[PDB]
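Working notes for the structure below.
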Amino acid sequence: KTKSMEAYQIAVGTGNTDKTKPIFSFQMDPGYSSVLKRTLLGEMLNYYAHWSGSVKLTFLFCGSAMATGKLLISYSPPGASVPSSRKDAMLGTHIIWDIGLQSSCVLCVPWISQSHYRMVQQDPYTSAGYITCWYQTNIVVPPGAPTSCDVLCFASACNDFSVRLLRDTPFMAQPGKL
Amino acid sequence: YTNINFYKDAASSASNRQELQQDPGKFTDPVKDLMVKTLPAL
Amino acid sequence: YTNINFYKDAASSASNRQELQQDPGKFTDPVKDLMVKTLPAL
Amino acid sequence: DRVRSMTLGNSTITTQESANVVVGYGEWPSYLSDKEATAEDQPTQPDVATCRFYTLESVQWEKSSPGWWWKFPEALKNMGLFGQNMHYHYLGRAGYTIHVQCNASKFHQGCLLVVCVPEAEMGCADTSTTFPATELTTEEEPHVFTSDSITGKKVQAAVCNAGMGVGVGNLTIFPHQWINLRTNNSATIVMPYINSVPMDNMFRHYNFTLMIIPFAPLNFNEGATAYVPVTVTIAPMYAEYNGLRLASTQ
Amino acid sequence: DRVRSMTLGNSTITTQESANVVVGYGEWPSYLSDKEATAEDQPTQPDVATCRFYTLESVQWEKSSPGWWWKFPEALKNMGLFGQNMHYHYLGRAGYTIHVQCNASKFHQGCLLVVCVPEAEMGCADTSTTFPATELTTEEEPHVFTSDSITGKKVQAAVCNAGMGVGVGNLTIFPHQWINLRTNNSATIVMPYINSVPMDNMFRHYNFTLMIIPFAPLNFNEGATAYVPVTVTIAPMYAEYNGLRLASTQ
Amino acid sequence: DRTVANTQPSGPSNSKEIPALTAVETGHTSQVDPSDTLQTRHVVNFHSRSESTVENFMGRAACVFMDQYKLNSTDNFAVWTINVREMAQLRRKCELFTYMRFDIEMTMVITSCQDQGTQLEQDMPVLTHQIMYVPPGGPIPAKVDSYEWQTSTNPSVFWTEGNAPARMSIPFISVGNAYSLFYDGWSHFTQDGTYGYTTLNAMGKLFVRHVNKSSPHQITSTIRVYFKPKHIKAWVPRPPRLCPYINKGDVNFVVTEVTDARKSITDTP
Amino acid sequence: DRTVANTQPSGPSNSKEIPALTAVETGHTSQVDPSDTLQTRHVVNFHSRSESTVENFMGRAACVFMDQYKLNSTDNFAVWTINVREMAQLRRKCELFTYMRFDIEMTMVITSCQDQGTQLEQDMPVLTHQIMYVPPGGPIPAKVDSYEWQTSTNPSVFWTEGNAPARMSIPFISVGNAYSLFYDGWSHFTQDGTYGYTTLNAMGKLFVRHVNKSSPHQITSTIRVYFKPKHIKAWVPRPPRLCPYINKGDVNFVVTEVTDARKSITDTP
Ligand SMILES: CCCCCCCCCCCCCCCC(=O)O
Ligand SMILES: CCCCCCCCCCCCCCCC(=O)O
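As you go down the protein sequences, you meet chains C, D, D', B, B', A and A' in turn. A prime marks a further copy of an entry chain. Using the deposited numbering, read the first sequence as starting at 61 and increasing by one per residue. Using the deposited numbering, read the second sequence as starting at 27 and increasing by one per residue. Using the deposited numbering, read the third sequence as starting at 27 and increasing by one per residue. Using the deposited numbering, read the fourth sequence as starting at 11 and increasing by one per residue. Using the deposited numbering, read the fifth sequence as starting at 11 and increasing by one per residue. Sequence positions in the sixth sequence follow the deposited numbering and run 5 to 76, 81 to 277. Sequence positions in the seventh sequence follow the deposited numbering and run 5 to 76, 81 to 277.
If you want it as structure tokens, here you go:
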């Protein structure tokens with residue numbers, strides 16, 4: 061799916077099976093996590109070696125107007141293993157999204173770090189947490205409506221984001237004369 | 027020092043490395059009608 | 027001379043070699059209660 | 011007026027179709043005052059850690075479902091730092107906000123009654139004996155009512171009497187709200203602290219019981235979604251604790 | 011001036027023969043200010059529950075005892091609500107007061123040096139390899155020095171170098187006090203928070219090490235008590251925690 | 005040099021305000037702050053976005069050209089058409105904006121080395137080099153001793169080896185109001201010719217040669233040119249180029265992948 | 005620049021004041037002056053503690069790195089991880105404090121010498137060298153003619169032989185509020201990984217190479233780097249290291265002796 065349009069589609073379903081398992085999970089680290097490495101924020105972050113600030117993620121529900129449901133999205137600060145149940149994910153920074161007319165909800169990571177700055181490259185001393193989603197309630201649709209919908213996510217920086225050290229991007233290489 | 031020009035030409039000057047001006051409203055908020063964060067979007 | 031900076035950056039400056047400030051009380055006298063030399067310690 | 015947004019701690023709940031929230035008896039929860047206090051110690055007052063939304067397990071509303079009940083605050087144990095403080099503290103005070111979510115399309119019909127009964131006492135099916143404490147509270151799943159008389163060392167879960175020996179239709183005296191699929195999909199109830207003593211042990215005392223009873227049966231035609239989930243979310247407010255000792259294993 | 015009384019939380023320590031307490035570098039511990047803060051959240055600040063005296067295990071000072079060391083703050087885990095908050099919190103700040111008790115009659119002689127070394131780094135006996143983390147910290151018993159060179163995947167516990175590659179007699183530069191049986195029987199040291207970053211993880215970082223080394227050997231004649239115990243009591247002060255998540259099992 | 009915004013204290017709230025809820029179909033980016041959805045303390049931020057400016061970002065030398073000329081036919085001099093689409097390092101940085109105005113500060117580095125031969129016994133004096141910029145439409149030399157080398161009007165620089173590298177400054181010399189990096193058009197009015205940005209690029213050529221006439225044995229030299237933009241202004245930001253470059257003249261590319269493959273949707277390394 | 009305290013006159017005294025008597029268990033250092041226990045005259049002292057300051061003590065260059073690269081595979085360039093734990097002379101001086109903030113003023117000395125061979129007849133022009141500092145996380149060159157050498161964003165210095173040694177200034181580039189020389193912790197949160205100060209050291213690498221392509225015969229060069237700290241601040245003084253160093257990475261040591269052996273307790277040489 062890395063060479064198609066399905067990479068941006070987060071599938072959602074209506075069923076009784078596998079309702080206790082995560083919808084998606086990835087690392088918060090913007091510098092090197094494959095999920096958000098190549099985004100607009102990541103591309104500018106790879107020209108720098110230090111970063112700080114807060115990041116906000118919004119989700120759009122691309123489904124039928126008659127569908128309704130709830131979702132739980134949580135950020136777990138680093139220091140523990142990745143949560144494996146919704147009881148573990150409800151003890152952190154979480155927000156409950158009710159799908160409706162607004163059709164979008166915003167989650168903010170409030171820059172929990174020991175130092176003032178972190179490093180773009182992967183280092184054990186400075187690392188971020190994990191993002192996970194869970195089913196607060198199942199998705200209910202009326203008869204005659206599509207069973208499955210899709211969700212899209214957008215990432216952007218806040219007004220307190222900054223970068224200090226300047227380096228070269230690692231995404232460009234020239235094997236020979238053009 | 028740092029404010030003395032020894033050359034008449036304007037291109038023969040140091041780079042402006044101490045200027046900080048920003049305007050993110052051009053791209054973040056291009057909508058014609060004002061939107062309030064507290065109030066519902068629609 | 028000796029007080030003119032030809033470079034805008036602050037790191038591009040000479041070392042501060044004419045500063046003399048001391049505070050030996052931090053280590054020599056860390057006790058909470060004051061002790062008088064003439065008076066007995068205990 | 012349909013839209014409403016509630017923010018507490020690090021959690022936020024958003025609704026697009028709802029009614030005005032109901033404050034229990036018209037009094038917002040608050041902290042205990044010095045004149046009304048009886049204890050002699052410095053209370054610990056966590057704010058963000060122990061006062062946030064906690065989403066419980068969900069249930070499926072089938073056509074023949076008779077109802078469910080939950081017995082707080084014990085159901086809120088072992089979740090977050092709210093339960094952990096309970097184990098180490100002999101006394102505590104708290105207030106709660108209850109949000110119940112149930113959604114359906116425009117081709118579905120049904121009605122639900124959400125009511126909080128303070129100091130609700132349940133009688134046994136066998137009048138000559140008592141039931142174990144497991145029947146009242148399990149802390150993991152909702153207990154279900156029944157549409158007929160049952161027997162054994164269990165509570166009388168008949169929907170006619172609701173287990174309290176009173177009419178089911180007269181429960182509207184207590185603070186309540188209705189969930190009608192045609193109109194609304196979420197109900198929110200704010201409840202203050204109600205007890206005879208200013209503080210009491212949380213484990214051995216059940217302050218209030220949340221009961222959801224479908225007065226109108228769910229009905230739909232072929233082709234519609236048959237799995238309608240019901241989810242309950244509760245958030246403690248103004249948590250206060252007095253008395254520190256070794257943890258209680260229970 | 012010999013008598014002193016210290017009260018913190020629900021615990022109190024009384025001494026009848028002692029010297030004036032030593033404040034580390036002349037600065038009393040306090041809370042972090044807004045200008046020096048870097049985090050963006052509401053810190054939880056327990057006052058009575060997590061700031062009180064905690065008495066560790068005691069040890070016997072024999073005639074041939076070379077010494078002992080403790081590596082806080084990990085040694086303070088699993089005791090009270092101070093350790094419990096550590097498991098659930100990624101970052102924390104605290105200050106400590108250390109009280110060491112050792113008593114003897116007028117017919118006993120000996121001297122002890124109590125010193126807190128910030129950021130003390132221990133080298134391995136085998137210079138070509140590293141030692142497991144169990145050797146540095148055990149959290150239950152004090153680790154003992156030795157009077158001769160040792161080998162293996164362990165720290166060099168020789169009293170001559172103290173495990174840091176520096177002279178044992180030059181440790182007086184750090185805040186310290188002496189316990190002379192003829193004069194005093196208790197030593198108290200107050201230490202502020204010292205670190206490069208405003209906050210750091212407690213589990214993986216060892217802020218300071220408490221070392222007790224007998225410069226003067228214990229000696230006594232027949233008929234005197236041969237069991238002289240040494241007890242250490244530490245009390246956290248101005249505890250602050252930022253960052254809440256699931257508990258860390260370690 | 006102002007700092008970033010500070011954080012304001014927040015508390016518990018239950019009301020009809022919905023900062024989190026928004027609509028993304030409007031085309032507006034949400035302005036939610038962390039204080040709006042969580043309980044936060046008060047902190048003073050002194051961090052400054054001082055190195056994120058365009059002027060500081062572009063303010064660093066980068067290699068643009070490299071060639072070799074020898075001293076002992082057409083190998084005695086080098087010819088370069090001045091373009092910034094020959095090195096990938098600087099091409100990617102300058103393709104993030106559609107139009108740009110800037111003044112370059114060119115510098116050159118010249119090194120020489122004797123060639124490996126059977127006979128290497130020679131004694132030579134210091135070497136001198138000449139660099140000439142031919143304006144567009146000017147005559148182009150065809151030989152080392154051609155008549156165009158006497159720069160009556162064209163600029164020239166003479167640099168003896170062993171001294172500091174030469175440096176020069178060039179102003180805005182574009183016919184239009186800015187440099188158009190991307191041009192979506194054809195050269196001719198009949199929608200024919202060459203499609204791309206080559207049509208608008210009319211910069212002149214550069215010539216380098218050896219001033220010394222001859223040497224007993226062959227000697228080869230290499231020249232490297234570095235550009236630093238200053239007094240820069242940028243317009244119309246553009247997304248970064250994903251695919252590696254293929255040819256300098258055009259923007260032809262091959263199909264690539266957006267991101268690196270992961271094991272599963274819920275896979276955390 | 006103030007002077008030290010003067011001496012005050014004293015006379016015979018018989019009273020209950022006991023300046024000499026004190027208690028050393030309190031942890032306080034006695035402040036007794038020579039006038040307190042003896043009869044002294046009045047002298048004016050003009051001596052000043054002007055060279056005992058930390059800034060003046062640290063204000064002197066010291067060697068930090070030394071390596072060789074040759075001009076004729082991987083021997084044509086040198087790679088150095090920037091650390092101050094490779095030379096004992098400066099390591100001992102900088103281990104007397106736990107935390108320190110300072111700005112370095114680096115300089116380099118480059119020398120070249122022809123290698124001894126059977127055939128030595130050659131004539132070569134002046135030589136040029138390039139030094140590039142790769143920021144942490146940046147691409148590292150793998151060849152002399154690799155593409156990373158064109159420093160679009162990374163700093164670089166070109167120094168032709170025969171001129172004055174190059175010099176540069178670097179500011180405080182630490183993530184934290186100071187440089188932690190001693191770190192008592194583990195890299196991972198599970199108390200595993202590497203124990204020592206290596207975890208906090210995240211400084212970038214340095215690359216040196218020859219600009220000239222080739223020479224008829226092999227030539228070798230040596231580069232030496234010197235550091236001078238300025239605008240320095242120090243905290244938490246530490247006792248000096250007694251035992252000689254064994255490995256750069258860690259602080260492992262061998263058992264040594266506190267002082268030199270004497271014949272007896274009452275032996276005066
Ligand atoms: C060698 C001495 C004379 C040198 C004259 C200056 C070199 C001419 C270059 C002018 C164009 C510079 C900017 C062009 C960049 C672009 O084409 O976008
Ligand atoms: C060669 C030109 C570019 C040179 C760039 C400066 C060299 C980088 C060194 C930065 C770190 C200096 C201080 C680090 C000391 C330490 O690690 O404690």
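Cβ atoms here follow ideal geometry from the backbone N, Cα and C, with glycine treated the same way.
Whose C-beta lies closer than 7 Å to the C-beta of residue i among residues of the same chain, with five residues either side of it excluded?
i        : result
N194(B)  : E27, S28 and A29
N113(B)  : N195
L104(A') : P245, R246 and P248
Applying a beta-carbon distance threshold of less than 7 Å, which residues of chain B' neighbour residue i?
i      : result
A59(B) : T54 and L254
Would you mind telling me which residues of chain B' sit closer than 8 Å to residue i, beta carbon to beta carbon, in chain order?
i       : result
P23(A)  : Result: empty, since nearest Cβ-Cβ is about 17 Å, beyond 8 Å.
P179(A) : Residues of chain B' passing the Cβ test: none, with the nearest at roughly 45 Å.
Strictly below 9 Å CB to CB, what residues from chain D' border residue i?
i      : result
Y27(D) : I30, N31, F32, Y33 and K34
For residue i, which residues does DSSP report across the bridge?
i             : result
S182(A')      : DSSP lists no partner for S182(A').
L60(D')       : The partner list for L60(D') (beta bridge, DSSP) is empty, contrary to what the question assumes.
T198(B')      : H109(B')
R14(B')       : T25(B')
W243(A)       : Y107(A)
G145(A)       : Looking at the DSSP assignment, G145(A) forms no beta bridge with any residue, so it has no partner.
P13(A)        : Paired residues: none, contrary to the question.
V240(B)       : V69(B)
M176(A')      : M114(A')
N229(B)       : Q119(B)
residue 77(A) : As shown, the structure holds no coordinates for residue 77(A); chain A passes over it, running from 76 to 81.
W111(C)       : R178(C)
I273(A')      : Per DSSP, none; premise fails for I273(A').
Under 7 Å between beta-carbons, which chain A residues line up against residue i? List them in chain order, please.
i       : result
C209(C) : Residues of chain A passing the Cβ test: none, with the nearest at roughly 16 Å.
Once the 5 residues before and after residue i are set aside, which same chain residues still bring their CB inside 8 Å of it?
i       : result
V92(A)  : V68, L98, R99, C102 and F235
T202(A) : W194 and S195
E149(B) : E84, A85, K87 and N88
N95(B)  : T54, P56, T60, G102, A249 and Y251
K213(A) : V87, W88, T89, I90, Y141, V142 and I148
Residue i versus chain D: which residues are under 8 Å apart at the beta carbon?
i      : result
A27(A) : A67 and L68
What does a CB cutoff of less than 6 Å around residue i pick up in its chain, not counting 5 residues either side in sequence?
i        : result
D89(C)   : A188
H153(B') : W79
Which chain A residues sit within Cβ distance under 9 Å of residue i?
i        : result
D131(A') : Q122, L128, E129, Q130, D131, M132 and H225
Strictly below 8 Å CB to CB, what residues from chain C border residue i?
i       : result
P239(B) : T197, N198 and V200
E84(B') : Residues of chain C passing the Cβ test: none, with the nearest at roughly 15 Å.
Using a cut-off of 7 Å between C-beta atoms, extract the partners of residue i located in chain C.
i        : result
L101(B') : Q174
Assess contact between the stretch 221-238 of chain C and the stretch 52-61 of chain A, defined as three or more Cβ pairs (one per stretch) separated by less than 8 Å. Is contact present? Under the three-pair Cβ rule at 8 Å, the stretch 221-238 of chain C counts as touching the stretch 52-61 of chain A.
At a cut of 8 Å, does the stretch 244-257 of chain B' reach the stretch 227-234 of chain B' through at least three beta carbon pairs? Note that the stretch 244-257 of chain B' does not touch the stretch 227-234 of chain B'; fewer than 3 beta-carbon pairs, one per stretch, sit closer than 8 Å.
Taking 8 Å as the cut-off, does the stretch 154-172 of chain B touch the stretch 195-207 of chain B (at least 3 CB pairs, one atom from each stretch)? Using a Cβ-Cβ distance cut-off of 8 Å, the stretch 195-207 of chain B and the stretch 154-172 of chain B are not in contact, since fewer than three pairs of beta carbons, one from each stretch, lie closer than that value.
In the stretch 148-172 of chain B', which residue ranges form an unbroken beta strand (DSSP E) of at least 3 residues, counting only runs that do not cross its ends? Runs of beta strand (DSSP E) with 3 or more residues, each lying fully within the stretch 148-172 of chain B', are absent.
Between the stretch 158-171 of chain A and the stretch 132-143 of chain A, are three or more C-beta pairs nearer than 8 Å? Touching, yes, given that three or more Cβ pairs across the two stretches are closer than 8 Å.
Using 8 Å as the Cβ pair cut-off and three pairs as the minimum, do the stretch 23-38 of chain A and the stretch 131-140 of chain B' touch? Touching, no, given that fewer than three Cβ pairs across the two stretches are closer than 8 Å.
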